[PDB]
Amino acid sequence: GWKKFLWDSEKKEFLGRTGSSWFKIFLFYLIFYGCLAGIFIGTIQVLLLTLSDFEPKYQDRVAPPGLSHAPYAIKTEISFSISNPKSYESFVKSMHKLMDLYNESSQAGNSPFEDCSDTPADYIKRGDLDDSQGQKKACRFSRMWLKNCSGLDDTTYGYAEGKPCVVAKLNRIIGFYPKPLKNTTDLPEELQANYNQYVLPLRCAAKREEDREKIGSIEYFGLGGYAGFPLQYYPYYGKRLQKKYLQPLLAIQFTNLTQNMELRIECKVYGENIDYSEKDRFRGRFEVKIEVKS
Amino acid sequence: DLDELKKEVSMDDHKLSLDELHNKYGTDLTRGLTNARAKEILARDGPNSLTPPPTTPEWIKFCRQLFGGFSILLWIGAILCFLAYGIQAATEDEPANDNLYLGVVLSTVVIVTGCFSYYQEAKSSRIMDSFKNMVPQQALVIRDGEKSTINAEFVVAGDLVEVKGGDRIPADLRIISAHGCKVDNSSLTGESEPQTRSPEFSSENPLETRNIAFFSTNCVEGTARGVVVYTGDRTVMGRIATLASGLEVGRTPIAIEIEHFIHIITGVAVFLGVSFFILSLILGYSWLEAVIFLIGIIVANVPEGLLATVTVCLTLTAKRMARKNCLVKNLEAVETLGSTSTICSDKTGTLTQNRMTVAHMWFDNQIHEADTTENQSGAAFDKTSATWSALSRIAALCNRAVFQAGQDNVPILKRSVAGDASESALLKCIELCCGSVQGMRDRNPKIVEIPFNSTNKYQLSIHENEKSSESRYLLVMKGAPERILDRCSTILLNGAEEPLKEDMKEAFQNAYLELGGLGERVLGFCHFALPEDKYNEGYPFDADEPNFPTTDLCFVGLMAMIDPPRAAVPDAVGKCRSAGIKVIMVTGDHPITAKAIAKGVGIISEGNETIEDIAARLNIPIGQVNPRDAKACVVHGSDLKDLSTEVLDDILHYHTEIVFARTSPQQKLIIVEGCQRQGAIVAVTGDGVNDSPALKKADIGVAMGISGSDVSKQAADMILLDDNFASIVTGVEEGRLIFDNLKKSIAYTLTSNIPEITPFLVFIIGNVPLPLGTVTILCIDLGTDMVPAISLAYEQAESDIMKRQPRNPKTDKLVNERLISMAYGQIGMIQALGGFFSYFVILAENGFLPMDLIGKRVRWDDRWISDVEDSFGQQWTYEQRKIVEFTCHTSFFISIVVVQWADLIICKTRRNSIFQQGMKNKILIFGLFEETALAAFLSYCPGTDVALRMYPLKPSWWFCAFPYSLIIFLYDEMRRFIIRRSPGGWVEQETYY
Ligand SMILES: *[C@@H]1O[C@H](CO)[C@@H](O[C@@H]2O[C@H](CO)[C@@H](O[C@@H]3O[C@H](CO[C@H]4O[C@H](CO)[C@@H](O)[C@H](O)[C@@H]4O)[C@@H](O)[C@H](O[C@H]4O[C@H](CO)[C@@H](O)[C@H](O)[C@@H]4O[C@@H]4O[C@H](CO)[C@@H](O)[C@H](O)[C@H]4NC(C)=O)[C@@H]3O)[C@H](O)[C@H]2NC(C)=O)[C@H](O)[C@H]1NC(C)=O
Ligand SMILES: *[C@@H]1O[C@H](CO[C@@H]2O[C@@H](C)[C@@H](O)[C@@H](O)[C@@H]2O)[C@@H](O[C@@H]2O[C@H](CO)[C@@H](O[C@@H]3O[C@H](CO[C@H]4O[C@H](CO)[C@@H](O)[C@H](O)[C@@H]4O)[C@@H](O)[C@H](O[C@H]4O[C@H](CO)[C@@H](O)[C@H](O)[C@@H]4O)[C@@H]3O)[C@H](O)[C@H]2NC(C)=O)[C@H](O)[C@H]1NC(C)=O
Ligand SMILES: *[C@@H]1O[C@H](CO[C@@H]2O[C@@H](C)[C@@H](O)[C@@H](O)[C@@H]2O)[C@@H](O[C@@H]2O[C@H](CO)[C@@H](O[C@@H]3O[C@H](CO)[C@@H](O)[C@H](O[C@H]4O[C@H](CO)[C@@H](O)[C@H](O)[C@@H]4O)[C@@H]3O)[C@H](O)[C@H]2NC(C)=O)[C@H](O)[C@H]1NC(C)=O
Ligand SMILES: Nc1ncnc2c1ncn2[C@@H]1O[C@H](COP(=O)(O)OP(=O)(O)OP(=O)(O)O)[C@@H](O)[C@H]1O
Ligand SMILES: *[C@@H]1O[C@H](CO)[C@@H](O[C@@H]2O[C@H](CO)[C@@H](O)[C@H](O)[C@H]2NC(C)=O)[C@H](O)[C@H]1NC(C)=O
Ligand SMILES: CC(C)CCC[C@@H](C)[C@H]1CC[C@H]2[C@@H]3CC=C4C[C@@H](O)CC[C@]4(C)[C@H]3CC[C@]12C
Ligand SMILES: CC(C)CCC[C@@H](C)[C@H]1CC[C@H]2[C@@H]3CC=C4C[C@@H](O)CC[C@]4(C)[C@H]3CC[C@]12C
Ligand SMILES: CC(C)CCC[C@@H](C)[C@H]1CC[C@H]2[C@@H]3CC=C4C[C@@H](O)CC[C@]4(C)[C@H]3CC[C@]12C
Ligand SMILES: [K+]
Ligand SMILES: [K+]
Ligand SMILES: [K+]
């Protein structure tokens, strides 16, 4: 059994067949699998044909834009010691990776960057989503706009003395026009002051009513000094039609933060085409657990 | 249970006296024991019943069913689920409870499968316990001087026990007084020899002496008394039963087949598991990811729904058999019939109709024919000789049957007669041409009668003589013509008497061979006038000693009877010869008749010849011809009584058409044990207890149902309700039919395993998002595929099954490599490709092109990366991409169903084409419709994203698997074509299951 079914010397069989059986079966499987592969490849080439290069056919799974930030938190928590330097390195490294793309050296010349209004403005349409006109032009976004969180003055960005920053960003969507709430009698409390129509407001607060007192002064930095995103950086024409495109950013300094205590801070954007979800905690808003233990 | 003390030869205290034994047991020879003493001993020694030995307790076998192959794998699955939950609960906060639910569910599946299988075996056990249908019995013990019939279990050592011809010995006794008592020690001596039990001692060996009765035997005739020396597990039959019962029964063929594939399945499961686990840690995978892998792979490989499908399939075919007159006691006997190649049947009541009418009669050296027609429209037989009158008196007197009360209206032939068919046929013929038998019987009072004996082979009785001038006694007896011929010396010719010279003896042999050649059963009738001088009118001839002259009788004449054959009998014999089943006519009928019935039924094919036939055709002695030139042969019972084992082996090894006549159903067992020895499955057909040791050791025991006794039916494996022989053929056909369907269903279920295994494999080799989750798998093997696999059983035959030879167990199997090459090698591959196609399509339409999917897994699964760039530059959060992956799982499952359509259609037939067989199976059509409705329901029903994680699909996706399905259909269609045109070629020895 054990030995025979492995190699016999009378019928010159290996594993059960001779060289002509093993050969017939191997050849059959080779031809069969070859045809299978060729058919799958053809059906994939026709797939490469059926779609357009300048626009995703379905854009419903990304209708309400998200709200991400610069630091990379494992569980949406920012905990670091003001003494041990090897504690906030993972944060600064990320922050730096994000801001390293807004370097002025990258943004230079007429092509493909264009100087835009230093003060929030309205939308700008560079035509349709076609290849007629060459690569569209995107507005320039300078680093310095973010005042105390830019890594140009205090590389660490704040984490060095108990005053961390948080660079918020709106998820890039093709053909998405941000629309802010109007001045009518119905509007949140916060939003009343500084109603620049052209700015999408971002405002952070405390998850629980208690934590309010323990959170100090939320100082936002942005384009024009407002706490929002200028409508002029929209819409986004997609990578193919707008490579070298920069999305606005908003810096948030959590000055006067109580020491040695977990603080739950929820940031939220307001607007018409913006809707939150009880399942996705990153749709329009975001949560951060800061704890500057020193 | 000391075996060595049980292996030793039995010892005893037989060589003693009547005084020395009562003292040993404290009893009275004329008064027995006292009730108080009897109960004191009943409590001291225990009951007279087989003490429950290693028996299976209720919880023991239930817990056994909980641990068996698929349950161990599912158990390790539940364990893994709880391990991953523990890890999550100790490593992260807010741990979703999905894994704990999946584990509790797996454990529930294991517990329920058990419950179902146990319930089925319990159902069979109950219907099995419901067979003793007439009335139980007890023993006759004498206590305090009174006779009482008490429960046999209540018999103790020392009391007095009385037995009577027909009752079973309740325990081992020491005979104290007997009256012509005879016992049948068939269980210890192996012979149906009627040993007489005498109070005196006769042999040093306890098994040979007569002063000892043994449990497991019966008192054939007479009455006796005796003291109880052994009771319970201590009796002879107690040592036989308790130590021989321990012997295991065995594992039926279908069980061995289910084991062979569990072995193969486990082989590929461990090969993929241990290997990918080592690979997972060779690539840097953490523990909480590798555990999820391991689980997914184990579930993917295990067909969680197969065994239950098999159990159902078999239950359906058992219901079909219960509807076609063939009832099967043990579920697996359904298949044993198909694998049969040797049958030991009987001739009366199977091949024949058992209705019966007298046909010919011998008297005055002349054959006479009687009218055997319903309305009695024919020729009389010359009722003018005295011989006929004497014959009428013999038959009308030596017969115990009588017309059933209240038949004064029906005709003489259609009335009901309570009794055997021979006595009934004789009674009808006498009542037909001899007037009222009731007056003929009251005209001669029967004094003493000795009924037919299976050993004596004769019925005798001494009645008074109606002769007013001759106040003597008449003796009549009937029986086998040879035995009766050996018991006479005169012949009643035309009335007068004459000697039995060889001239009439040869005329009797030729007449006997004439009636036998006619396929009729002949009987001999003789009588004698007892001399009133040696046996006066007052002397009583008690049936104990030789009170009547056995020999020197006056033979009057032979009497035949036409039991006819059945409709399908010639056809059934032809079907058996066409298949290759060696039929053996075993009948208590005569060889002289057997050769005629054999030529009339087929056993002796038109052309074959026996050694005597050749010697007769060449008018030469029989010792000159060579036994190789004779295809058939008629073996006599006496020559069977004097035959060795090897001789029987050669008899069955060198002859294709054997017929056993003048056979006592004991010898039967010997022939059965000789048929199994050569290496062939054996079936048997029985009616009584002599067949019990033959039906138990035969691969399949077919017992009759109407004429059969409780013992014979309760000890057999298959019961017949119409007592016909065509039912045996029907059982074999259904056993084959349910086999080819199991093959088809297995290939079906297996084929879908590849599209479930490949996504995981690509997930590890190519690093692409998970294509098919585990819940979707369980929703495929436990959902949409169950109904179609169940429907595959209702498939009709393709060619003629009752024509091919029985399958070889050592070479042909149920799951070979050809099936693996088809399901795992070709069809499954196409199904997997179709699933991947739909997958890539769903991802390409949402923004993730195939070039950017390779290498994204690390970040596609990262729960903290809310910015995943796609092929167009869009940023996707974690939950959004997860929603897309789930929609890809839903479409993959639907693609599986789409390809399963063509797989169920190509699996419907194994060789024939679809345009030939036809889609007449309504169950299969219903299966397809339901299979589609279930997938649509699981996807479109609201709230399915909270329970099963399945999102709705867009109407353009549902058409991504259609080309693959049609391709599968065309490929298998051309496959099942070269096989038909090229028999024995490559496509047949490579893909013909
Ligand atoms: C946001 O980010 C900024 C950095 O971008 C950060 O800090 C600011 O940093 C700059 C430069 O570091 C400050 O500008 C100047 O700081 C001078 C300090 O240097 C003196 O001291 C050091 C050592 O102590 C010496 O080596 C050096 O030679 C200097 O002597 C300061 O001198 C400058 O001038 C101020 O003070 C003189 C009087 O000394 C006054 O005449 C000026 O008008 C000027 O303003 C006055 O400052 C004092 C300081 O408290 C104030 O009390 C007084 O009211 C001011 N008078 C006014 C307004 O009329 C000059 O300040 C800069 O000040 C830093 N801070 C600010 C708020 O501008 C911030 O800390 C970051 N903020 C947050 C919230 O994170
Ligand atoms: C975008 O801008 C980044 C910053 O640009 C600087 O500031 C702007 C406003 C301009 O003035 C520009 O000209 C400046 O360079 C730019 O990153 C910078 O790249 C340089 C070159 O590698 C880095 O200089 C090196 O510094 C290290 C030590 O760095 C310490 O500080 C940083 C934080 O700033 C920590 O991350 C480190 O761990 C250290 O703690 C020096 O050791 C190193 O030595 C090398 O040069 C010396 C001569 O000076 C040689 O003798 C040695 O052999 C070495 O060859 C450099 O001096 C600079 O640190 C870095 N800045 C930051 C903040 O990381 C970035 O590359 C730009 N990206 C693009 C895409 O344009
Ligand atoms: C967005 O909306 C706010 C509020 O608009 C007001 O409420 C809306 C719901 C709706 O009903 C509007 O019709 C309504 O105006 C705009 O800001 C408001 O602007 C007015 C005008 O400056 C302010 O009213 C002022 O109130 C002062 C005390 O609180 C009073 O002293 C001021 O005096 C001025 O006006 C008087 C005449 O009434 C004149 O005599 C004085 O000399 C002086 O000019 C004046 O009455 C409101 O307080 C403002 N509201 C807030 C919350 O600050 C806002 O400008 C608008 N933004 C845009 C871009 O349109
Ligand atoms: N009730 C009966 N009374 C008298 N003679 C009988 C009776 N039944 C059968 N015989 C005769 O005795 C013979 C022995 O009967 P037995 O039952 O052994 O076999 P059988 O009836 O021929 O059937 P089978 O083919 O099943 O062996 C019969 O062939 C018949 O000649
Ligand atoms: C920042 O928070 C501190 C408290 O941590 C505030 O300062 C306190 O003010 C109270 C009076 O209301 C004094 O009793 C405490 O002694 C102060 N503590 C310290 C450390 O200064 C301070 O006002 C807050 N500043 C801002 C801008 O929010
Ligand atoms: C009937 C069956 C077996 C035929 C299958 C034919 C297969 C092998 C054919 C069909 C379509 C073919 C591919 C279609 C598209 C391209 C892209 C082109 O820039 C180079 C050739 C290439 C890469 C082809 C290679 C071979 C291919 C996959
Ligand atoms: C992921 C990919 C690359 C794996 C491809 C594995 C293929 C080539 C494997 C899977 C199953 C295999 C076949 C399965 C069954 C049999 C029958 C046996 O009697 C001989 C080997 C033979 C004929 C195998 C040949 C190789 C085979 C077709
Ligand atoms: C006879 C054989 C070779 C024909 C096979 C035809 C193949 C190439 C056809 C059949 C079904 C087709 C696909 C079915 C579904 C979709 C989704 C839709 O939103 C775009 C077209 C797309 C992606 C099709 C591309 C081409 C396709 C795969
Ligand atoms: K499976
Ligand atoms: K049996
Ligand atoms: K399956």
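Every number in this text was worked out from the coordinates using simple rules, so none of it is lab data. Cβ sites come from the backbone with ideal geometry, for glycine too, and all protein chains shown count toward neighbours.
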Under unit Cβ charges (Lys, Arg +1; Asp, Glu -1), what dipole magnitude, rounded to 20 debye, does chain B have relative to its Cα centre? 1500
Quick one: check the C-alpha center-to-center distance for region B:489-524 versus region B:594-615, whole angstrom. 24
For helix B:421-433, what angle does its Cα long axis make with the longest principal axis of chain B, in degrees from 0 to 90 and rounded to 10? 50
Here the relative contact order (percent) of chain A, from C-alpha pairs under 8 Å and at least 6 apart, is 24
For B:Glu869 and A:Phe23, what is the calculated FRET efficiency with R₀ set at 51 Å and r taken between the beta-carbons, to the nearest 0.05? 0.55
Along the Cα-to-Cβ line of A:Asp128, 7 Å from the Cα, sits a label point; which residues in region A:26-62 have backbone N less than 14 Å from it? A:54-55
Non-local residues with an amide H under 5 Å from the amide H of B:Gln195, with H modelled 1.01 Å from N and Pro and chain starts lacking one, are B:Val183, B:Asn185
Charge dipole of the protein assembly as shown about the Cα centre (unit charges at C-beta), most positive-ward option of A:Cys149, B:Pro788, B:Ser125: A:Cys149
Using DSSP to call loops (not H, G, I, E or B), can you name the trypsin sites (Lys or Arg not before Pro) in region B:767-857 whose Cβ has at most 16 other Cβ atoms within 10 angstrom? B:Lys803, B:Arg804, B:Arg807, B:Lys810, B:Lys813
So which trypsin sites (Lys or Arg not before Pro) in region B:222-288 pass both tests, a DSSP loop state and at most 16 other Cβ atoms within 10 Å of the Cβ? B:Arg251
Using the structure shown, list the pairs from B:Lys324/B:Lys908; A:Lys57/A:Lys239; A:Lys169/A:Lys214; B:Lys61/B:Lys319 with a Cα-Cα distance above 18 Å, or answer none. B:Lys324/B:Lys908; A:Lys169/A:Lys214; B:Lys61/B:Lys319
Taking the Cα centre of region A:52-294 as origin and charging only Cβ (+1 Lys, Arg; -1 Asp, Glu), how large is the dipole, in debye to the nearest 20? 580
Looking only at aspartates and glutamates whose Cα falls under 20 Å of B:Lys329's and that sit 8 or more positions away or on another chain, we get B:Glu121, B:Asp129, B:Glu248, B:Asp687, B:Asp691, B:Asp699, B:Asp710, B:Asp717, B:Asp722, B:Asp723, B:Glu733, B:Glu734
Straight distance only, please: which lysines reach the Cα of B:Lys501 with their own Cα at less than 20 Å, same-chain residues fewer than 8 apart left out? none
What is the distance in Å between the Cα centroid of region A:248-294 and that of region B:179-245? 99
Which whole number in µm²/s is D for region A:25-149 by Stokes-Einstein, with the Kirkwood Rh taken over Cα pairs at 25 °C and 0.890 mPa s? 117
Across B:868-878, the residue-averaged tally of Cβ atoms belonging to other chains within 10 Å stands at 6
Taking the dipole about the Cα centre of the protein assembly as shown, with the C-beta of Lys and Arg at +1 and of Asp and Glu at -1, give me whichever of B:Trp362, B:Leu515, B:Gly984 is farthest to the positive side. B:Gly984
Does anyone have the angle between helix B:386-397 and the longest principal axis of chain B? Alpha-carbon axes, 0 to 90°, nearest 10? 50
Answer in debye to the nearest 20: the dipole magnitude of region B:623-708 about its Cα centre, from +1 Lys/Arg and -1 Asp/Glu charges placed on Cβ, is 120
Three-way shape label, region B:444-496, alpha-carbon gyration tensor, a/c 1.5: oblate
Specify the angular offset, from 0 to 90 degrees and rounded to the nearest 10, of the alpha carbon long axis of helix A:19-49 from the longest principal axis of the alpha carbons in chain A. 30
Give the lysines whose C-alpha is closer than 29 Å to that of A:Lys4, dropping any in the same chain fewer than 8 places away, or say none. A:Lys12, A:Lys24, B:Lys743, B:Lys810, B:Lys813
Dipole of chain B (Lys/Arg Cβ +1, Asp/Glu Cβ -1, origin at the Cα centre): which of B:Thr235, B:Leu140, B:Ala480 lies farthest to the positive side? B:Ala480
List the trypsin sites (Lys or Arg not before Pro) within region B:506-582 that fall in a DSSP loop (any state other than H, G, I, E or B) and whose Cβ has at most 13 other Cβ atoms within 10 Å. B:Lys534
What whole-number distance in Å separates the alpha-carbon centres of region B:10-54 and region B:260-338? 57
Region B:579-592 - phi-based ³J(HN,Hα) in whole Hz, Karplus 6.51/-1.76/1.60, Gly and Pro as x: 7, x, 8, 6, 8, 9, 7, 10, 9, x, 7, 8, x, 5
If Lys and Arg each add +1 and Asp and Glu each add -1, what is the summed charge of the other residues whose beta carbon sits under 13 Å from the beta carbon of B:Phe760? -1
